[PDB]
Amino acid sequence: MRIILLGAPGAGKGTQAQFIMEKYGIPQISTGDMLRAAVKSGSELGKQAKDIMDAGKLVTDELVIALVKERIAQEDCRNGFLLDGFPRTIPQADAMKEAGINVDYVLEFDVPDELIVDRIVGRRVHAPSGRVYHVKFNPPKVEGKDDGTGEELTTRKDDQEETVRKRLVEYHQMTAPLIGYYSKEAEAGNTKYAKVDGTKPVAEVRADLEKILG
């Protein structure tokens, strides 16, 4: 099956992606992880994102579409995948449609703007796997360590307050309209749409999603 996760910065998409992946056995396609990885390794496809991400702005549709195409062509996506942080704009959604990439579920994670900044300062990550934690809301089993590899967790270069605020603006400008776009898609019978309350505890959000996805 094919799923799109939608919602504001910090809404909880990546956290639940992990559960959907390890549960329904489809790969997580995370544009944020992919772009960070490209920057880290200096890969020709995506190293360009470095400064853009630092400024809290969106990377060009052109760049991210290329990355997803390349990722989605891999054997492990043949029977479905989870798009997490993509599409991010209408043109990104349109490209998918032009390329014949329909999806079965669009899942919207609703969180009030006012919870976003506070929430994200607690965020810690394991960049090699893309796993994410929160020091209060979803701590690692061992303080400061990734559960799976025991490596020291880091803080994302773009998780600073000022940068989160810029991302939230860009989100409302460019990304928020995908709610209407995919709702219309659902009204046309092209996919299923569901909104979840992303203010509930992680386990409860996981439970709600299970109800939706079966």
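Numbers for residues come from their place in the sequence shown, where the first is 1.
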**Q.** Greater mean Cα temperature factor according to the PDB record, 199-207 or 16-24
**A.** 16-24
Q.
Quick check: 82-90 versus 140-148, which has the larger average CA B-factor in the record?
A. 140-148
Q: Tell me which of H172, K157, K57, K50 tops the list for C-alpha B factor in the record.
A: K157
Q. Lowest, middle or highest third: where is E62 by Cα B-factor in its chain?
A. middle
**Q.** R167 - which third its CA temperature factor falls in, relative to the rest of the chain
**A.** lowest
Q: State the tercile, meaning the lowest, middle or highest third, of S183 with respect to the CA B-factors recorded for its chain.
A: middle
Q: Looking at the entry's B-factor column for C-alpha atoms only, identify whether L115 ranks in the lowest, middle or highest third of its chain.
A: lowest
Q.
Splitting the chain's C-alpha B-factors into thirds, which one does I72 fall into?
A. highest
